[PDB]
Amino acid sequence: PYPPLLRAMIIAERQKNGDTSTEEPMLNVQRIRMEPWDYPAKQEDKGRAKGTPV
Amino acid sequence: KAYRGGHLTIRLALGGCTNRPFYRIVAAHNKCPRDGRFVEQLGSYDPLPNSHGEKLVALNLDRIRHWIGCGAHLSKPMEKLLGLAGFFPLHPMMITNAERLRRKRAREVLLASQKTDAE
Amino acid sequence: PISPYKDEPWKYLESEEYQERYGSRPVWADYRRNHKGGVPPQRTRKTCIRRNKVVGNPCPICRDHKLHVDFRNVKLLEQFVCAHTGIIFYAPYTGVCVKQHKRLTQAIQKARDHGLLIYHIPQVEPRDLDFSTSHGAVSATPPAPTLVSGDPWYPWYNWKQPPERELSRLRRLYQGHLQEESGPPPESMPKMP
Amino acid sequence: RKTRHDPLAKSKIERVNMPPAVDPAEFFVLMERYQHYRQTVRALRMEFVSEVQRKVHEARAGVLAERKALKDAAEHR
Amino acid sequence: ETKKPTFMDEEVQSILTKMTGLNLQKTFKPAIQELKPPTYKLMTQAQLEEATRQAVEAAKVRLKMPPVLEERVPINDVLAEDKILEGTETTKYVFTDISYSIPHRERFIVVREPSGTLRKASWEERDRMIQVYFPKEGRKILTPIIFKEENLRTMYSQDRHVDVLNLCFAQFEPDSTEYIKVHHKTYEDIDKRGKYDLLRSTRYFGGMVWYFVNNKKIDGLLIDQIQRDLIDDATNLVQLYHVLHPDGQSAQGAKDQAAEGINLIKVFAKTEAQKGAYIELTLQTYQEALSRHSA
Amino acid sequence: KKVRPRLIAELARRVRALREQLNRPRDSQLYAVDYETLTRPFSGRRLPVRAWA
Amino acid sequence: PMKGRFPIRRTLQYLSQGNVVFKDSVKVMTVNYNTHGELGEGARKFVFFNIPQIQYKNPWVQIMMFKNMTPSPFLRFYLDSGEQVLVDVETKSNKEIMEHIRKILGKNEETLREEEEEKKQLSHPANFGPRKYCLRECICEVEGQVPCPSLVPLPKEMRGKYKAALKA
Amino acid sequence: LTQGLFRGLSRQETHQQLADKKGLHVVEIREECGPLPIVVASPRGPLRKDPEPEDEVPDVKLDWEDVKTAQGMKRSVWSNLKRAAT
Amino acid sequence: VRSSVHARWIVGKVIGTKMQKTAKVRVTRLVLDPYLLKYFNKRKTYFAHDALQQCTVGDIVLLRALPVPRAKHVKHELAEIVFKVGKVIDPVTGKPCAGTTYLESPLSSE
RNA sequence: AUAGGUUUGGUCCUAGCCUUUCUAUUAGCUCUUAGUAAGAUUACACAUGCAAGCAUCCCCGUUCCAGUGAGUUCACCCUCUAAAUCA
Ligand code: FES
Ligand SMILES: [K+]
Ligand SMILES: [K+]
Ligand SMILES: [K+]
Ligand SMILES: [Mg+2]
Ligand SMILES: [Zn+2]
């Protein structure tokens, strides 16, 4: 579902435009693929430590 | 001032005087000073209860959506304000902090009861 | 001194003494500030009475102890307002000290708030072009399914006890740096009896 | 704040920051809430991005915008 | 079927507009404000009549009657109830959507209560917030004390009714409880003390007439109109009364007797008018005086 | 409006970039660790306490 | 007094009374007028009175004037597309010329109204900030809200000097 | 100054003298009274029927000090200073 | 169509023709004097590419901005010779004129 | 500026200087309380302490914030187009 306020604002626009419907607005979260935080990142884009030796 | 990288963020800029805080919700560059240059003002937040016992929050919801749609990040206090308004889901840490407080107060009622009961 | 009119300040302005002293002119008609030069200082003195001692040339209000600056003494307050424009004269105009000018301004505003002093009230336009109350913002929003059933808006608001295998996995990962496991939280906020 | 060139303080030479103790039950529940929260917020962000992109296109090449352009060209001629 | 006229009907608007009258000297009375040196123009009679005509046009805009609205229904709608947040905060949060191009009555103003309930703001909170963020000239966030009973009686004692109505129009919304209450209390003082001339040539006369007709107390206004030789307005008042109360003794009486002009006043005076005796005497006096001037 | 050239700023920039490629540290230098103090001798930085075991 | 004949032309009030705001196509306006001859009086008056008003409203349009190069006065507008609009102004009065160019190349009153409404949205009543940009600087100005400590001292319980003393 | 003041004040034209000379109504427009046309003087004799010719641009000599003040170009620390009632 | 040159269309008077295929053109704009509130001409020099070398000193020319500058100072090209020096064709009638007199009567061709 | 004082034996004109107004530093003398704001003369030299970490190692950050006003039309608009944010 949409959070409380956003839902109320989407339903009000429907009624204002004239569309009469009782369907619930809902967020399509199927596109969002939540990967684990320990999924291997791209090493090619990672930097490297600089030369200053101790 | 052209910064190296960075990004836009919607955050709280502290105003007011000593002991009288007042926040302006602004979309500003990540690296800019808290109270310095900003791209757009998107609301305000009075954290002090007024005569009516209210904490007033203004949110330019039309422009907040525009800037989130342009890649603006969000500060944690700003995400929590949008949760309380109902614009976003409740931030997990408000749920967890609410649960931590419940457990703390439940533990406080044991010692209080024991004292009155035992003594 | 002790003026007998403090309780009914409006009486002094209708007494014989007032008419003998002032007549029909305002109480400040004859006052003249003493200052060097042709252009006077842009502020009047702070106060004409310091520690119950009056200065040499007391201002029109401070020189007469029977003139009481009160929101009910409307005739006295009217003398300090422009009849043609309705603006309160700035203190240099009449010579009242800053202390009395502040008191006069507050009494004039209080009299105007109580309806005792007439002032121009303009005719304003309406705030809204349309007066319809049919928009959802002001009407009733259809209740959400979770609100009807009493469930949390999102299922992850409620605490769901984690499986035992997952708890054991976390107990291996944080060996030697573990807290006491916490069960489900209280269903509602307790209160100190 | 210090720069990369400024030397490190002597007092902090031996400072080892110990990590906090982990509550297994709260940890797992909190980890899932973050995943659910960030999924919902990323879905909302995607909708706000699409709205921003639709409004730009509508002003550039929308029916109403293109109609006004032709009207203005006709009135000029 | 048969709908009773609303306040904004063209017929009612024409009747109430004419009943109000147009005194250019009263409409454009000199205001006690900051002044500037006046300007002068050398004008012919034709040009003078055109400027006077333009003043009549401007005055008619200034007199446009505010629409009479029914009392708004209290807002009591709960958007959500997040019980987890109960007890975490001690003060309620008021969130106002300050998006510029939104009609003020279509703005979402919600309140997060300490219990966790996200509810829509009440009409009172809504109006207070719109003033905080979209401040309107002449409106105050905290209700002015002038509207207390003791202070309104002072304003009435000084015959400052139009001022009370202008203050009320600026502070309160037309459908607010305070707006309708203050307007009615003023309308009832005008009736009791016969001060109907105070509101003539103002945008508030129509509302006063509408109040009287729908509460069946048009007696005092009729007497005043006759005493002032305003029969055309008095007859129109009785006519309007019949249109808003068609199934009434006077309406049927006029129908039965096909009364017109002065007859309508007589028919209404006897049947429905509470002060039937006084009306007849007042109407009698007028008709006698009119007969003399005709000679 | 004609900006005065800064040649030393460009010379040093090229020299630095070159030296960073010829004197670049090797993986065996960067990612060495002292297993007693648990510090990288290259930078002398301690590893986080959660990687020690 | 102010120097020159008709000194009113050198006042901001007069310069802002021009009603000709060219469309964005207009780039260059050339004015060819003759200094003598009765048939060119309007063009001479248009140069004397109206060019300052046109230039003031259209600062980025190049106006160049040429004297006594042709037997009759005319205007020519060079548009960004490359079109050239020749307007013959011989025998016309300066007011008629001003009205003609407004019709054919001037923004209508509707287009100007819209632009002004877009500017209104730039300043938001609710935004708090310096007086140059915003109506109010701080929320403390709004009646009902906690006032500024500079004007009204805050309660001792709301001041950090004593939030620490009471605790310790 | 004295002789100049009396010379100017003595030679002022009243609104009636203007109406009579011009044969037109003198109409006063006040901002505090809105568009109400207040006739301050009318021609005692016959009233002309032709309107006074409206010159598009008035060829009048303007005082730079007036124009400079209207355009907010005149700063003076001595102007509009608070003074006692005169 | 897009050009990096600021001035897209400008009319000017040719003042120099000593560079090869480059006409030096003086362009005058009316600029407001803020104190006097009177408009005074402000002049600027523009180099215009004249491929055919047809510009004569004193003629009025129309310059079009080049897509990108071809030289350090050559940012425009000769779009049109509006008035050739001493050989003006009346735009209103299309007849040759010498100042304010017609060289060929407009009535010749009806 | 609503102006004022001052050339001469005296008058008129012109004219400079100064007076009256409002701020900011410093000096003298003097000084009770509370709240608030503001606060080296010096791009002169600096004792001592602190001001950048985070993190299962890699990376990331320390290029910001904070400071100063030495130098000084690099700040604004347009065209074009990198890096950066939108996982
Ligand atoms: S300026 Fe608002 S709290 Fe001080
Ligand atoms: K002098
Ligand atoms: K890190
Ligand atoms: K400097
Ligand atoms: Mg890129
Ligand atoms: Zn005093």
Side-chain angles (χ1 to χ4, degrees), chain A residues 31-35 38-41 43 45-50, chain B residues 1-9 16-20 29-36 67-73, chain C residues 35-43 92 173-174, chain D residues 1-12 15 17 19 38-39 41-42 45-46 48-50 52-53, chain F residues 1 3-4 27 30-33 38-40 45-53, chain G residues 60 147-156 159 161, chain H residues 1 74 76-84 86, chain I residues 1-8 65 67-69:
Chain A
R31 299 177 303 179
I32 318 304
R33 295 200 174 189
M34 297 297 294
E35 289 181 340
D38 60 331
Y39 192 99
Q43 178 62 34
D45 301 316
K46 186 182 287 185
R48 192 178 167 89
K50 297 299 181 181
Chain B
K1 186 169 185 182
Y3 293 106
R4 185 200 88 112
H7 50 86
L8 293 185
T9 312
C17 297
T18 298
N19 295 310
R20 178 47 169 112
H29 288 89
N30 190 33
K31 294 315 179 188
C32 279
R34 179 187 73 196
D35 299 342
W67 283 119
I68 295 170
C70 300
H73 297 236
Chain C
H35 61 94
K36 65 182 181 180
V39 180
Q42 292 301 294
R43 288 180 314 168
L173 186 54
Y174 299 107
Chain D
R1 288 194 89 185
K2 284 199 208 179
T3 81
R4 63 196 65 233
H5 308 301
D6 295 350
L8 175 65
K10 285 180 185 177
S11 289
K12 295 166 112 185
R15 178 184 161 282
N17 73 311
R38 280 164 172 175
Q39 199 188 21
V41 172
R42 272 167 60 187
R45 176 175 293 274
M46 278 185 70
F48 299 161
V49 168
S50 68
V52 168
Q53 285 170 336
Chain F
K1 190 61 176 183
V3 180
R4 182 183 180 186
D27 289 345
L30 286 178
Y31 313 125
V33 61
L38 274 175
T39 63
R40 302 203 166 288
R45 292 202 199 184
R46 293 201 73 92
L47 301 181
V49 178
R50 269 184 194 173
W52 288 359
Chain G
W60 313 131
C148 184
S150 76
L151 290 174
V152 184
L154 286 171
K156 265 204 182 187
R159 293 170 46 205
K161 182 169 184 184
Chain H
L1 178 156
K74 188 159 199 186
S76 191
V77 306
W78 298 103
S79 287
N80 315 303
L81 283 186
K82 298 180 180 180
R83 289 175 196 258
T86 61
Chain I
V1 164
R2 293 267 190 154
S3 182
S4 45
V5 178
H6 173 86
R8 298 181 52 83
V68 302

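All chains are named by letter (A, B, ...) in the order of the sequence lines, taking the proteins before the strands, and each is independently numbered beginning at 1. Note that these values count all heavy atoms, side chains included, but never hydrogens, waters or copies made by symmetry.
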Across the strands shown, which category fits [X] at heavy-atom distances under 4.0 angstrom: base, sugar-phosphate, nothing?
X        : result
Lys31(B) : sugar-phosphate
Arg31(A) : nothing
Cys70(B) : base
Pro48(F) : base
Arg2(I)  : sugar-phosphate
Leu1(H)  : nothing
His73(B) : sugar-phosphate
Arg46(F) : base
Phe48(D) : nothing
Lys46(A) : base
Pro40(C) : sugar-phosphate
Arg45(D) : sugar-phosphate
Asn17(D) : sugar-phosphate
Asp45(A) : nothing

For the sugar ring of [N], does the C1'-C2'-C3'-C4' torsion put it in the north or the south range?
N      : result
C54(J) : north
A75(J) : south
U63(J) : south
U62(J) : north
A43(J) : south

Quick check: on RNA chain J, is the nucleotide nearest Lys1(B) upstream (toward 5') of the one nearest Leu8(B), or the reverse? Name the residue that is more 5'.
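Nearest nucleotide further toward 5': that of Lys1(B).
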If you assign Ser4(I) and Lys74(H) each to the RNA chain J nucleotide with the nearest heavy atom, which residue ends up on the more 5' nucleotide?
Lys74(H)
Taking the side chain as every heavy atom from C-beta outward, state whether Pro69(I) and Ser4(I) have any pair of such atoms under 4.5 Å apart.
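They are in side-chain contact.
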[X] side, atom [atom1]; [Y] side, atom [atom2] - distance, nearest 0.5 Å:
X        : Y        : atom1 : atom2 : value
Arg40(F) : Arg45(F) : CZ    : CZ    : 11.0 Å
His73(B) : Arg45(D) : NE2   : CZ    : 6.5 Å
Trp52(F) : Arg46(F) : CH2   : CZ    : 4.5 Å
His7(B)  : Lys31(B) : NE2   : NZ    : 7.0 Å
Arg8(I)  : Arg2(I)  : CZ    : CZ    : 9.0 Å
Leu81(H) : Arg83(H) : CG    : CZ    : 6.0 Å

Non-hydrogen atoms of [X] and [Y] that approach each other most closely:
X         : Y        : value
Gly69(B)  : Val49(D) : O-CG2, 3.4 Å
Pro149(G) : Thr18(B) : CG-O, 3.5 Å
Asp6(D)   : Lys2(D)  : OD2-CA, 3.5 Å

Between [N] and [M], how many Å separate the two [atom1] atoms, rounded to a whole number?
N      : M      : atom1 : value
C17(J) : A45(J) : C1'   : 48 Å
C76(J) : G61(J) : P     : 26 Å
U62(J) : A52(J) : P     : 12 Å
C44(J) : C29(J) : P     : 35 Å
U68(J) : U41(J) : P     : 12 Å
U14(J) : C22(J) : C1'   : 31 Å
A87(J) : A75(J) : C1'   : 36 Å
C54(J) : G67(J) : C1'   : 26 Å

Check whether the six-membered base rings of [N] and [M] have centres under 5.5 Å apart and planes under 30 degrees, and report yes or no.
N      : M      : answer
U73(J) : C74(J) : no
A40(J) : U41(J) : no
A52(J) : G53(J) : no
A55(J) : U56(J) : no
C31(J) : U32(J) : no

Span of RNA chain J in contact with chain F (heavy atoms, under 4.0 Å)
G53(J) to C74(J)
Please check if the number of heavy atoms outside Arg42(D) that lie under 6.0 Å from its CZ is greater than 12.
yes
Sort by first number and list every stem of RNA chain J: at least 3 consecutive Watson-Crick or G-U wobble pairs, both distances under 3.5 Å.
J:3-6 with J:16-19
Test side-chain hydrogen bond (donor to acceptor under 3.5 Å, both in side chains) applied to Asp35(B) - qualifying residues, sequence neighbours left out
none
